[PDB]
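Report on one structure; see the data block that follows.
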Amino acid sequence: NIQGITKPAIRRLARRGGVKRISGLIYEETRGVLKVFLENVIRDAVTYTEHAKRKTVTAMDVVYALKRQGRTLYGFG
Amino acid sequence: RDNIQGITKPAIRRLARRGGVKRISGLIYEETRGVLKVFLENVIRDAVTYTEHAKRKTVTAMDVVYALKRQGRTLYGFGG
Amino acid sequence: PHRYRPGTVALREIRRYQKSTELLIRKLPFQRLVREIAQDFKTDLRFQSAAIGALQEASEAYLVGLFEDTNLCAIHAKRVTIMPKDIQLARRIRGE
Amino acid sequence: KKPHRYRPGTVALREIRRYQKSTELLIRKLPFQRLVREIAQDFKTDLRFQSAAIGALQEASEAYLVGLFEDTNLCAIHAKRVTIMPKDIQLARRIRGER
Amino acid sequence: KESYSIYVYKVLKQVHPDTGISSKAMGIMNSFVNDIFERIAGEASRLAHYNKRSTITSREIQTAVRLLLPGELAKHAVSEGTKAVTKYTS
Amino acid sequence: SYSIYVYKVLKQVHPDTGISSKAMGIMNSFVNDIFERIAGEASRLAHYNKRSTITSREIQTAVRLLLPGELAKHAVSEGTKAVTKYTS
Amino acid sequence: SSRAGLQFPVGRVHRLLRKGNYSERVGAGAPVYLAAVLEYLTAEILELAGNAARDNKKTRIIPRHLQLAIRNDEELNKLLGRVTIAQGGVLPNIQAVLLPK
Amino acid sequence: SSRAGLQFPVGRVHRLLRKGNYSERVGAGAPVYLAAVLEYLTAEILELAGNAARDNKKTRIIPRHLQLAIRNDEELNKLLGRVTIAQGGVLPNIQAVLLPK
DNA sequence: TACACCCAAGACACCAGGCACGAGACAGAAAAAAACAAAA
DNA sequence: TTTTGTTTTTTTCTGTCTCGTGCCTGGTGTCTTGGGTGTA
């Protein structure tokens with residue numbers, strides 16, 4: 001399901017960051033990085049989901065998994 | 001006075017050679033000294049804060065370790 | 001007919017997406033990818049709407065920061081177009 | 001006969017290998033101690049320092065400078081250049097989050 | 001579920017009598033307050049454990065603020081905390 | 001300190017290998033840092049679940065969150081074996 | 001709260017510090033100091049957000065206003081450097097090399 | 001320690017967890033688990049350091065051996081990313097573009 | 001390390017505006033025309 | 001010299017803003033005693 005993030009979506013994400021021109025080998029590559037990001041967050045949240053004896057990944061687990069890596073997120077407490 | 005010049009050109013050259021730098025320019029030493037002074041000030045501020053919180057006049061190694069840990073530079077071999 | 005030059009629409013889109021704070025990634029594909037990734041860690045898992053929204057916001061912010069670092073690395077290399085080498089250098093300097 | 005003279009690039013790599021194989025302190029002890037004392041004097045006057053604290057400070061500063069030099073060399077090589085420039089240091093410190 | 005939405009709204013009305021706040025902004029302010037609270041509490045606990053002290057007083061909070069907040073923000077927070085302590089003691 | 005324990009562990013894993021004082025201090029600092037990290041993670045996990053008691057499950061979750069992959073798996077297995085041997 | 005001249009609660013902060021697993025005992029001035037610091041920070045942030053909203057012709061505070069108020073201030077951005085604001089966006093900053101002419 | 005078959009102290013770890021102000025109550029399996037994890041990590045690090053020392057014809061573990069053992073291992077480098085080892089140095093890594101062409 | 005000292009934790013008894021449920025309305029995005037400097 | 005981005009000026013409904021208002025929950029006096037500092 002890594003092909004869901006279309007190339008124009010990555011183009012918009014780069015335009016938000018101030019990127020003028022984008023090559024062709026960026027999007028797919030970025031996609032992989034995105035996966036890595038999820039592979040560095042969701043699993044941790046899953047661990048939290050495995051600590052409260054629950055089966056639903058709540059927003060608090062995601063907030064704790066993001067804070068535990070230095071990426072503090074607001075507006076979801 | 002003007003102790004920032006203690007980190008002479010050969011010291012910066014050796015520190016660059018340790019990091020894998022082959023060629024060094026001329027304006028590199030000044031920027032390196034400035035960054036080193038900034039880092040030393042940022043660490044020594046927290047070290048002096050930790051020392052004054054303990055009502056002490058001698059900066060021990062534990063204060064430096066705590067100041068480096070609270071910033072993001074965990075150092076080992078200085079807890080004994 | 002009118003035809004824009006290769007550079008005006010890019011800056012226009014940059015300004016438009018920097019002025020607005022809307023989500024740039026679609027909800028259904030991102031949710032499907034999140035579920036497929038979470039399935040590899042633990043089977044029979046549920047997800048809330050707030051958790052999916054927080055994950056999407058965090059991923060978008062991380063991608064925006066990575067793209068900013070990539071553009072900075074590309075400009076430092078006397079270039080305008082971004083390259084995967086720029087992203088690799090950014091991820092290596094950041095410690096990822 | 002002309003005396004021996006190494007071309008630009010040999011002794012540089014030799015020193016790189018020598019300083020990467022050894023782990024000795026590259027910064028002198030007395031100037032670094034004087035600089036640390038002068039910096040600490042600006043925050044609080046009449047401050048004492050132990051040998052272990054100064055050694056830890058020197059080790060941390062050397063490690064941080066080595067990491068910054070590695071990042072600077074990476075940025076310089078990325079820009080199709082060999083000699084390091086202050087722009088590379090600025091880019092490294094901006095990406096790392098210090099500036 | 002307890003939250004500091006009432007106090008944030010009161011502070012906003014104090015600094016801006018004719019200005020509202022959305023729900024997402026309220027949640028962001030709540031998360032910011034919680035993060036600052038946790039950081040200062042952890043720093044104070046560390047400072048108390050380093051000195052073999054089992055009590056956290058105003059000095060530990062002042063040291064935590066001076067270590068966390070940078071420069072003018074730390075100075076203003078220390079001044080406000082000292083003023084509040086003096087007003088509460090009197 | 002953890003000097004005698006680290007020395008015994010080294011003798012178990014390497015009967016003919018010594019250790020200097022600086023290496024011993026580095027090992028002690030690493031042990032203390034891991035202890036502090038795992039204790040903080042366990043305290044956070046206990047506070048998030050409205051629990052006032054830290055058991056082996058909290059330490060296992062802290063190890064799984066901190067240590068990555070095979071290291072975490074092996075540490076969890078060793079901790080479970082030690083717990084089963086101590087409870088028996 | 002009323003004795004210290006602060007709108008933030010003192011008893012709630014004291015209870016959170018007592019049950020927060022930080023120390024065996026909590027002083028009487030520590031919750032007051034922490035509440036005062038939190039109130040000062042919240043007041044500064046809310047004043048900046050209200051200024052940004054008045055500059056945007058709006059009587060409400062949105063996450064975009066909070067982001068524009070925090071990222072513009074130097075010390076506030078240094079304090080919240082590793083903080084991600086949801087629905088806040090980024091600063092409209094474009095490099096001079098990408099600009100025409 | 002004798003009942004769990006571990007070299008690390010269990011009573012000392014329990015006392016440290018009780019006096020560290022982490023929770024109101026501490027179970028009997030948590031200190032054993034923490035001691036076992038610490039012992040496994042120490043054993044892995046010491047084995048890697050001994051291997052690095054044997055690769056250098058050395059009988060005593062020096063900080064350089066610990067640095068070579070931590071940096072060469074991927075998991076150990078990921079766990080100790082922001083960790084600085086004193087008198088350990090760095091890895092002898094030279095870029096390919098700096099070699100004489 | 002020692003003598004003193006005084007407001008909080010605990011508990012009893014008494015008391016007041018938040019907060020969500022509606023409503024009339026309030027500044028504004030949009031729909032749309034029309035108009036000036038700069039860019040191609 | 002002519003086509004196209006950018007800025008100004010009408011309403012009009014439009015998501016939202018403070019008022020009206022009841023329950024109670026957390027917003028205040030008062031006795032006890034005592035352990036964490038104040039000062040030395």
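Each chain of the structure tokens is named A, B, ... in the order shown, its residues numbered from 1; ligands are numbered from 1 in display order.
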Mind fitting chain H to chain G by least squares on all Cα atoms in order and giving back the moved coordinates as a PDB file with C-alpha atoms, in the first residue's frame?
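What ended up in selection-v2.pdb:
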```pdb
ATOM      1  CA  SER H   1      -4.828  30.745  43.693  1.00  0.00           C
ATOM      2  CA  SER H   2      -6.629  33.674  45.309  1.00  0.00           C
ATOM      3  CA  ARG H   3      -3.881  34.274  47.884  1.00  0.00           C
ATOM      4  CA  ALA H   4      -1.137  34.255  45.227  1.00  0.00           C
ATOM      5  CA  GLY H   5      -3.072  36.307  42.662  1.00  0.00           C
ATOM      6  CA  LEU H   6      -2.899  33.702  39.888  1.00  0.00           C
ATOM      7  CA  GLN H   7      -5.523  32.296  37.531  1.00  0.00           C
ATOM      8  CA  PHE H   8      -3.929  28.845  37.326  1.00  0.00           C
ATOM      9  CA  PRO H   9      -4.980  26.347  40.019  1.00  0.00           C
ATOM     10  CA  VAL H  10      -2.568  25.848  42.903  1.00  0.00           C
ATOM     11  CA  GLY H  11      -4.229  22.869  44.582  1.00  0.00           C
ATOM     12  CA  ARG H  12      -4.479  20.980  41.294  1.00  0.00           C
ATOM     13  CA  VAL H  13      -0.794  21.608  40.544  1.00  0.00           C
ATOM     14  CA  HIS H  14       0.123  20.481  44.065  1.00  0.00           C
ATOM     15  CA  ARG H  15      -1.924  17.289  43.698  1.00  0.00           C
ATOM     16  CA  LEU H  16      -0.357  16.581  40.300  1.00  0.00           C
ATOM     17  CA  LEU H  17       3.152  17.090  41.694  1.00  0.00           C
ATOM     18  CA  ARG H  18       2.335  14.825  44.650  1.00  0.00           C
ATOM     19  CA  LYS H  19       0.856  12.042  42.496  1.00  0.00           C
ATOM     20  CA  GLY H  20       3.471  12.289  39.732  1.00  0.00           C
ATOM     21  CA  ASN H  21       6.097  10.452  41.824  1.00  0.00           C
ATOM     22  CA  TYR H  22       8.717  13.201  41.624  1.00  0.00           C
ATOM     23  CA  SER H  23       9.782  13.570  45.270  1.00  0.00           C
ATOM     24  CA  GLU H  24       8.914  12.301  48.731  1.00  0.00           C
ATOM     25  CA  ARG H  25       7.826  15.720  50.035  1.00  0.00           C
ATOM     26  CA  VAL H  26       6.463  18.771  48.214  1.00  0.00           C
ATOM     27  CA  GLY H  27       6.709  22.279  49.628  1.00  0.00           C
ATOM     28  CA  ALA H  28       4.105  25.027  49.555  1.00  0.00           C
ATOM     29  CA  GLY H  29       6.020  27.424  47.296  1.00  0.00           C
ATOM     30  CA  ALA H  30       6.878  25.006  44.497  1.00  0.00           C
ATOM     31  CA  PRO H  31       3.282  24.589  43.196  1.00  0.00           C
ATOM     32  CA  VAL H  32       2.755  28.359  43.386  1.00  0.00           C
ATOM     33  CA  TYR H  33       5.974  28.977  41.440  1.00  0.00           C
ATOM     34  CA  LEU H  34       5.073  26.367  38.820  1.00  0.00           C
ATOM     35  CA  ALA H  35       1.543  27.741  38.417  1.00  0.00           C
ATOM     36  CA  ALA H  36       2.901  31.282  38.057  1.00  0.00           C
ATOM     37  CA  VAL H  37       5.416  30.186  35.413  1.00  0.00           C
ATOM     38  CA  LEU H  38       2.736  28.271  33.496  1.00  0.00           C
ATOM     39  CA  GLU H  39       0.384  31.262  33.695  1.00  0.00           C
ATOM     40  CA  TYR H  40       3.059  33.653  32.419  1.00  0.00           C
ATOM     41  CA  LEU H  41       3.936  31.341  29.521  1.00  0.00           C
ATOM     42  CA  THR H  42       0.259  30.894  28.628  1.00  0.00           C
ATOM     43  CA  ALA H  43      -0.302  34.658  28.810  1.00  0.00           C
ATOM     44  CA  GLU H  44       2.651  35.398  26.524  1.00  0.00           C
ATOM     45  CA  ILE H  45       1.591  32.736  24.012  1.00  0.00           C
ATOM     46  CA  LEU H  46      -2.042  33.885  24.031  1.00  0.00           C
ATOM     47  CA  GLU H  47      -1.057  37.542  23.624  1.00  0.00           C
ATOM     48  CA  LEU H  48       1.173  36.700  20.657  1.00  0.00           C
ATOM     49  CA  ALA H  49      -1.599  34.560  19.149  1.00  0.00           C
ATOM     50  CA  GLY H  50      -4.125  37.367  19.586  1.00  0.00           C
ATOM     51  CA  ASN H  51      -1.733  39.804  17.925  1.00  0.00           C
ATOM     52  CA  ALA H  52      -1.260  37.395  15.012  1.00  0.00           C
ATOM     53  CA  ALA H  53      -5.039  36.969  14.731  1.00  0.00           C
ATOM     54  CA  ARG H  54      -5.612  40.734  14.738  1.00  0.00           C
ATOM     55  CA  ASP H  55      -2.974  40.976  12.003  1.00  0.00           C
ATOM     56  CA  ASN H  56      -5.149  38.580   9.954  1.00  0.00           C
ATOM     57  CA  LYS H  57      -8.551  40.162  10.781  1.00  0.00           C
ATOM     58  CA  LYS H  58      -9.605  37.180  12.903  1.00  0.00           C
ATOM     59  CA  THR H  59     -11.462  37.123  16.223  1.00  0.00           C
ATOM     60  CA  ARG H  60     -10.816  33.454  17.114  1.00  0.00           C
ATOM     61  CA  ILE H  61      -7.400  31.931  17.805  1.00  0.00           C
ATOM     62  CA  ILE H  62      -6.707  29.113  15.333  1.00  0.00           C
ATOM     63  CA  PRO H  63      -3.695  26.737  15.294  1.00  0.00           C
ATOM     64  CA  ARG H  64      -2.281  28.824  12.435  1.00  0.00           C
ATOM     65  CA  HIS H  65      -2.210  31.834  14.768  1.00  0.00           C
ATOM     66  CA  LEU H  66      -0.392  29.794  17.421  1.00  0.00           C
ATOM     67  CA  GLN H  67       2.130  28.586  14.835  1.00  0.00           C
ATOM     68  CA  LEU H  68       2.739  32.130  13.572  1.00  0.00           C
ATOM     69  CA  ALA H  69       3.145  33.325  17.169  1.00  0.00           C
ATOM     70  CA  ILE H  70       5.587  30.571  18.151  1.00  0.00           C
ATOM     71  CA  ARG H  71       7.722  30.579  14.995  1.00  0.00           C
ATOM     72  CA  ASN H  72       8.056  34.373  14.814  1.00  0.00           C
ATOM     73  CA  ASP H  73       9.314  34.629  18.405  1.00  0.00           C
ATOM     74  CA  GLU H  74      12.947  33.599  18.826  1.00  0.00           C
ATOM     75  CA  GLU H  75      12.678  32.527  22.472  1.00  0.00           C
ATOM     76  CA  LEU H  76       9.411  30.663  21.866  1.00  0.00           C
ATOM     77  CA  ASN H  77      10.949  28.868  18.878  1.00  0.00           C
ATOM     78  CA  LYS H  78      14.025  27.950  20.930  1.00  0.00           C
ATOM     79  CA  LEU H  79      11.874  26.622  23.781  1.00  0.00           C
ATOM     80  CA  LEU H  80       9.595  24.721  21.385  1.00  0.00           C
ATOM     81  CA  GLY H  81      12.167  23.593  18.831  1.00  0.00           C
ATOM     82  CA  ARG H  82      11.237  19.896  18.764  1.00  0.00           C
ATOM     83  CA  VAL H  83       7.518  20.717  19.159  1.00  0.00           C
ATOM     84  CA  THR H  84       5.079  20.085  16.302  1.00  0.00           C
ATOM     85  CA  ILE H  85       1.833  22.077  16.167  1.00  0.00           C
ATOM     86  CA  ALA H  86      -1.059  20.327  14.439  1.00  0.00           C
ATOM     87  CA  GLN H  87      -2.819  22.268  11.661  1.00  0.00           C
ATOM     88  CA  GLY H  88      -0.371  25.138  12.140  1.00  0.00           C
ATOM     89  CA  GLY H  89       1.573  25.022   8.895  1.00  0.00           C
ATOM     90  CA  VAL H  90       4.915  26.767   8.419  1.00  0.00           C
ATOM     91  CA  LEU H  91       6.218  30.276   7.780  1.00  0.00           C
ATOM     92  CA  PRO H  92       5.861  31.766   4.276  1.00  0.00           C
ATOM     93  CA  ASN H  93       9.623  31.768   3.654  1.00  0.00           C
ATOM     94  CA  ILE H  94      10.900  31.718   0.062  1.00  0.00           C
ATOM     95  CA  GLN H  95      14.597  31.643  -0.784  1.00  0.00           C
ATOM     96  CA  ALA H  96      16.099  34.445  -2.852  1.00  0.00           C
ATOM     97  CA  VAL H  97      17.724  32.097  -5.376  1.00  0.00           C
ATOM     98  CA  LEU H  98      14.313  30.656  -6.312  1.00  0.00           C
ATOM     99  CA  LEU H  99      12.898  34.051  -7.303  1.00  0.00           C
ATOM    100  CA  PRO H 100      12.842  34.903 -11.034  1.00  0.00           C
ATOM    101  CA  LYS H 101      16.109  36.610 -11.935  1.00  0.00           C
TER     102      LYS H 101
END
```
Got a sec: who's within 9 Å of segment 12-25 of chain I, counting only C-alpha atoms (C1' of nucleotides), leaving out chain neighbours fewer than 5 positions off, as a PyMOL selection string?
(chain E and resi 6) or (chain J and resi 17+19+27-30)
Residue 40 of chain J: which residues within 10 Å, counting only C-alpha atoms (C1' of nucleotides), same-chain residues fewer than 2 positions away excluded, as a list in words?
residues 2 and 3 of chain I; 38 of chain J
Residue subset to file, keeping N, CA, C and O atoms (P, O5', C5', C4', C3', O3' and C1' of nucleotides), as a PDB file, in the first residue's frame:
```
ATOM      1  P    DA I   2      22.866  17.537  67.126  1.00  0.00           P
ATOM      2  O5'  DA I   2      22.757  18.795  68.110  1.00  0.00           O
ATOM      3  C5'  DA I   2      22.607  20.104  67.572  1.00  0.00           C
ATOM      4  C4'  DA I   2      21.964  21.041  68.579  1.00  0.00           C
ATOM      5  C3'  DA I   2      20.609  20.598  69.090  1.00  0.00           C
ATOM      6  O3'  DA I   2      20.293  21.293  70.293  1.00  0.00           O
ATOM      7  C1'  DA I   2      20.354  22.329  67.478  1.00  0.00           C
ATOM      8  P    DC I   3      18.949  20.944  71.103  1.00  0.00           P
ATOM      9  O5'  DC I   3      18.090  22.293  71.030  1.00  0.00           O
ATOM     10  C5'  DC I   3      18.527  23.455  71.730  1.00  0.00           C
ATOM     11  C4'  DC I   3      17.633  24.647  71.427  1.00  0.00           C
ATOM     12  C3'  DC I   3      16.153  24.451  71.748  1.00  0.00           C
ATOM     13  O3'  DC I   3      15.609  25.652  72.282  1.00  0.00           O
ATOM     14  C1'  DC I   3      16.407  24.941  69.447  1.00  0.00           C
TER      15       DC I   3
ATOM     16  P    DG J  38      13.674  28.733  55.274  1.00  0.00           P
ATOM     17  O5'  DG J  38      13.099  29.758  56.361  1.00  0.00           O
ATOM     18  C5'  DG J  38      13.146  29.427  57.745  1.00  0.00           C
ATOM     19  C4'  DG J  38      13.449  30.655  58.589  1.00  0.00           C
ATOM     20  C3'  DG J  38      14.713  31.395  58.209  1.00  0.00           C
ATOM     21  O3'  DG J  38      14.653  32.733  58.688  1.00  0.00           O
ATOM     22  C1'  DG J  38      15.062  30.043  60.163  1.00  0.00           C
TER      23       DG J  38
END
```
Residues of chain D no more than 10 Å from chain G, counting only C-alpha atoms: send them over as number ranges by chain.
D: 97-99
Mind writing the picked residues with N, CA, C and O atoms as an mmCIF file, in the first residue's frame?
```cif
data_model
loop_
_atom_site.group_PDB
_atom_site.id
_atom_site.type_symbol
_atom_site.label_atom_id
_atom_site.label_comp_id
_atom_site.auth_asym_id
_atom_site.auth_seq_id
_atom_site.Cartn_x
_atom_site.Cartn_y
_atom_site.Cartn_z
ATOM 1 N N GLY D 97 19.954 21.238 14.045
ATOM 2 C CA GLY D 97 19.023 21.891 14.940
ATOM 3 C C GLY D 97 19.636 22.899 15.886
ATOM 4 O O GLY D 97 18.917 23.440 16.735
ATOM 5 N N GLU D 98 20.937 23.169 15.773
ATOM 6 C CA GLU D 98 21.577 24.132 16.661
ATOM 7 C C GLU D 98 21.247 25.569 16.282
ATOM 8 O O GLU D 98 21.223 26.446 17.153
ATOM 9 N N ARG D 99 20.992 25.831 15.003
ATOM 10 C CA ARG D 99 20.660 27.176 14.547
ATOM 11 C C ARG D 99 19.372 27.175 13.732
ATOM 12 O O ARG D 99 19.405 27.195 12.500
#
```
Filtered DSSP result for chain A, state alpha helix (DSSP H), as number ranges by chain
A: 7-16, 27-39, 42-49, 59-67
Find the spatial neighbours of residue 38 of chain D, counting only C-alpha atoms (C1' of nucleotides), within a cut-off of 12 Å - ignore same-chain residues fewer than 2 positions away - and output them as a compact mmCIF listing (two decimals) with N, CA, C and O atoms, in the first residue's frame.
```txt
# COMPACT_ATOMS: atom_id res chain seq x y z
N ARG B 1 42.43 36.35 29.55
CA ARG B 1 41.95 37.26 28.52
C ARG B 1 42.26 36.72 27.12
O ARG B 1 43.39 36.32 26.84
N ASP B 2 41.24 36.72 26.26
CA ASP B 2 41.36 36.22 24.89
C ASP B 2 41.86 34.78 24.86
O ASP B 2 42.72 34.42 24.06
N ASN B 3 41.31 33.95 25.75
CA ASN B 3 41.71 32.55 25.82
C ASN B 3 41.14 31.72 24.68
O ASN B 3 41.55 30.56 24.51
N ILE B 4 40.20 32.26 23.90
CA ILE B 4 39.66 31.53 22.76
C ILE B 4 40.72 31.25 21.71
O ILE B 4 40.58 30.32 20.92
N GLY B 6 43.47 29.98 22.40
CA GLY B 6 44.21 28.81 22.83
C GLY B 6 44.05 27.65 21.87
O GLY B 6 45.00 26.90 21.61
N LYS B 37 33.37 27.94 21.24
CA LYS B 37 33.08 28.86 22.33
C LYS B 37 31.59 28.86 22.66
O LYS B 37 31.21 28.89 23.84
N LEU B 40 30.87 25.60 24.52
CA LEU B 40 31.44 25.65 25.86
C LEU B 40 30.63 26.56 26.77
O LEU B 40 30.41 26.23 27.94
N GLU B 41 30.17 27.70 26.25
CA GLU B 41 29.33 28.59 27.05
C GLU B 41 28.00 27.93 27.39
O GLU B 41 27.53 28.01 28.53
N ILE B 44 28.75 25.33 30.09
CA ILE B 44 29.23 25.88 31.35
C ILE B 44 28.12 26.64 32.06
O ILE B 44 28.09 26.69 33.29
N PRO D 31 45.76 25.51 27.61
CA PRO D 31 44.89 26.51 26.97
C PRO D 31 43.41 26.21 27.12
O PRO D 31 42.61 27.13 27.35
N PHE D 32 43.01 24.94 27.00
CA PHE D 32 41.61 24.59 27.17
C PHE D 32 41.15 24.84 28.60
O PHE D 32 40.03 25.31 28.82
N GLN D 33 42.00 24.53 29.58
CA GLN D 33 41.65 24.80 30.97
C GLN D 33 41.51 26.30 31.22
O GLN D 33 40.58 26.73 31.91
N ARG D 34 42.41 27.10 30.66
CA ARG D 34 42.31 28.55 30.81
C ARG D 34 41.05 29.08 30.16
O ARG D 34 40.38 29.96 30.72
N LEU D 35 40.69 28.56 28.99
CA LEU D 35 39.47 29.00 28.32
C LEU D 35 38.23 28.62 29.12
O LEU D 35 37.30 29.41 29.24
N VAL D 36 38.22 27.40 29.68
CA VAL D 36 37.08 26.97 30.49
C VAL D 36 36.95 27.85 31.73
O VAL D 36 35.85 28.26 32.11
N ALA D 40 33.82 30.27 32.63
CA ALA D 40 33.09 30.09 33.88
C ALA D 40 33.16 31.34 34.75
O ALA D 40 32.27 31.57 35.58
N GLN D 41 34.20 32.16 34.57
CA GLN D 41 34.31 33.39 35.36
C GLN D 41 33.24 34.41 34.97
O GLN D 41 32.83 35.22 35.80
N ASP D 42 32.78 34.37 33.72
CA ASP D 42 31.76 35.32 33.28
C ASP D 42 30.41 35.03 33.92
O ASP D 42 29.60 35.95 34.09
N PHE D 43 30.15 33.77 34.29
CA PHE D 43 28.89 33.40 34.92
C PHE D 43 28.94 33.57 36.44
O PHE D 43 28.04 34.15 37.04
N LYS D 44 30.00 33.06 37.07
CA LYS D 44 30.17 33.16 38.51
C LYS D 44 31.65 33.32 38.83
O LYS D 44 32.47 32.50 38.40
N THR D 45 31.98 34.37 39.58
CA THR D 45 33.37 34.63 39.93
C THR D 45 33.83 33.71 41.06
O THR D 45 33.03 33.24 41.87
N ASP D 46 35.14 33.47 41.09
CA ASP D 46 35.78 32.61 42.09
C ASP D 46 35.15 31.21 42.10
O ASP D 46 34.43 30.81 43.02
N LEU D 47 35.44 30.48 41.03
CA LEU D 47 34.92 29.13 40.83
C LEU D 47 36.08 28.15 40.75
O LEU D 47 37.07 28.41 40.06
N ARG D 48 35.95 27.03 41.46
CA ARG D 48 36.95 25.97 41.43
C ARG D 48 36.49 24.86 40.49
O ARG D 48 35.30 24.63 40.29
N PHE D 49 37.47 24.16 39.91
CA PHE D 49 37.20 23.10 38.96
C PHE D 49 38.07 21.90 39.27
O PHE D 49 39.25 22.04 39.59
```
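Among the candidate residues B:48, B:62, B:15, B:43, the one lying nearest to chain H is B:15, with distances computed using only C-alpha atoms.
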Interface, chain F side, toward chain G (10 Å; only C-alpha atoms) as JSON, numbers by chain:
{"F": [43, 44, 47, 52]}
Filtering to N, CA and C atoms, could you give me those residues as an mmCIF file, in the first residue's frame?
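What ended up in out.cif:
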```cif
data_model
loop_
_atom_site.group_PDB
_atom_site.id
_atom_site.type_symbol
_atom_site.label_atom_id
_atom_site.label_comp_id
_atom_site.auth_asym_id
_atom_site.auth_seq_id
_atom_site.Cartn_x
_atom_site.Cartn_y
_atom_site.Cartn_z
ATOM 1 N N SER F 43 8.043 4.056 34.861
ATOM 2 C CA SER F 43 7.227 4.996 35.623
ATOM 3 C C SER F 43 6.209 5.689 34.727
ATOM 4 N N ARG F 44 6.620 6.067 33.513
ATOM 5 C CA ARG F 44 5.685 6.686 32.579
ATOM 6 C C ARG F 44 4.579 5.715 32.182
ATOM 7 N N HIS F 47 2.185 5.420 35.058
ATOM 8 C CA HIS F 47 1.360 6.610 35.228
ATOM 9 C C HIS F 47 0.317 6.734 34.125
ATOM 10 N N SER F 52 -0.076 2.250 40.273
ATOM 11 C CA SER F 52 0.910 2.684 41.254
ATOM 12 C C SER F 52 1.891 1.574 41.617
#
```
Could you state the separation of atom CA of residue 55 of chain C and atom CA of residue 49 of chain F in Å, given to one decimal place?
21.6 Å
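The coordinates place atom CA of residue 63 of chain E at 11.1 Å from atom CA of residue 41 of chain E.
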If you count only C-alpha atoms (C1' of nucleotides), which residues fall within 12 Å of residue 10 of chain D, apart from same-chain ones fewer than 2 positions away, as a ChimeraX atom specification?
/B:22-23 /D:5-8,12-17 /H:98-101
I need the chosen residues saved as a short mmCIF file (atom, residue, chain, number, x, y, z; two decimals), in the first residue's frame, with N, CA and C atoms.
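Below you can see out09.cif, which holds the result:
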```
data_model
loop_
_atom_site.label_atom_id
_atom_site.label_comp_id
_atom_site.auth_asym_id
_atom_site.auth_seq_id
_atom_site.Cartn_x
_atom_site.Cartn_y
_atom_site.Cartn_z
N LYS B 22 40.19 16.29 4.50
CA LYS B 22 41.44 16.27 3.76
C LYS B 22 42.03 17.67 3.58
N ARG B 23 41.23 18.61 3.08
CA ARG B 23 41.67 19.97 2.83
C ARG B 23 40.91 20.94 3.72
N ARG D 5 59.68 15.78 -1.64
CA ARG D 5 58.55 16.66 -1.38
C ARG D 5 57.27 15.92 -1.75
N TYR D 6 56.40 15.72 -0.77
CA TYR D 6 55.14 15.02 -1.00
C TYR D 6 54.14 15.94 -1.69
N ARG D 7 53.38 15.38 -2.62
CA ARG D 7 52.37 16.15 -3.33
C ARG D 7 51.20 16.46 -2.40
N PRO D 8 50.45 17.53 -2.67
CA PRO D 8 49.30 17.87 -1.82
C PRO D 8 48.24 16.79 -1.79
N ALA D 12 48.12 14.66 4.16
CA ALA D 12 46.79 14.90 4.71
C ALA D 12 46.10 13.59 5.06
N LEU D 13 46.09 12.64 4.12
CA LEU D 13 45.50 11.33 4.40
C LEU D 13 46.29 10.57 5.45
N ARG D 14 47.61 10.75 5.47
CA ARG D 14 48.43 10.11 6.51
C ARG D 14 48.03 10.60 7.89
N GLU D 15 47.87 11.91 8.05
CA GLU D 15 47.44 12.47 9.33
C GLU D 15 46.01 12.04 9.65
N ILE D 16 45.15 11.93 8.64
CA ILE D 16 43.79 11.44 8.86
C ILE D 16 43.83 10.04 9.46
N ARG D 17 44.61 9.15 8.85
CA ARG D 17 44.71 7.78 9.36
C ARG D 17 45.33 7.75 10.76
N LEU H 98 38.16 11.28 -1.47
CA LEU H 98 39.39 11.86 -0.95
C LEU H 98 40.63 11.03 -1.28
N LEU H 99 40.45 9.81 -1.78
CA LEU H 99 41.59 8.98 -2.14
C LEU H 99 42.23 9.51 -3.43
N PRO H 100 43.54 9.31 -3.59
CA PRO H 100 44.21 9.78 -4.81
C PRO H 100 43.69 9.06 -6.04
N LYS H 101 43.19 9.84 -7.00
CA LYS H 101 42.65 9.29 -8.23
C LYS H 101 43.75 9.01 -9.25
#
```
Enumerate as a list in words the residues belonging to chain E that approach chain J to within 12 Å, with only C-alpha atoms (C1' of nucleotides) taken into account.
residues 17, 18, 19, 20, 21, 22, 54, 55, 56 and 57 of chain E
Neighbours of chain F in chain A at 8 Å, counting only C-alpha atoms, as a PyMOL selection string:
chain A and resi 44+47-48+51-52
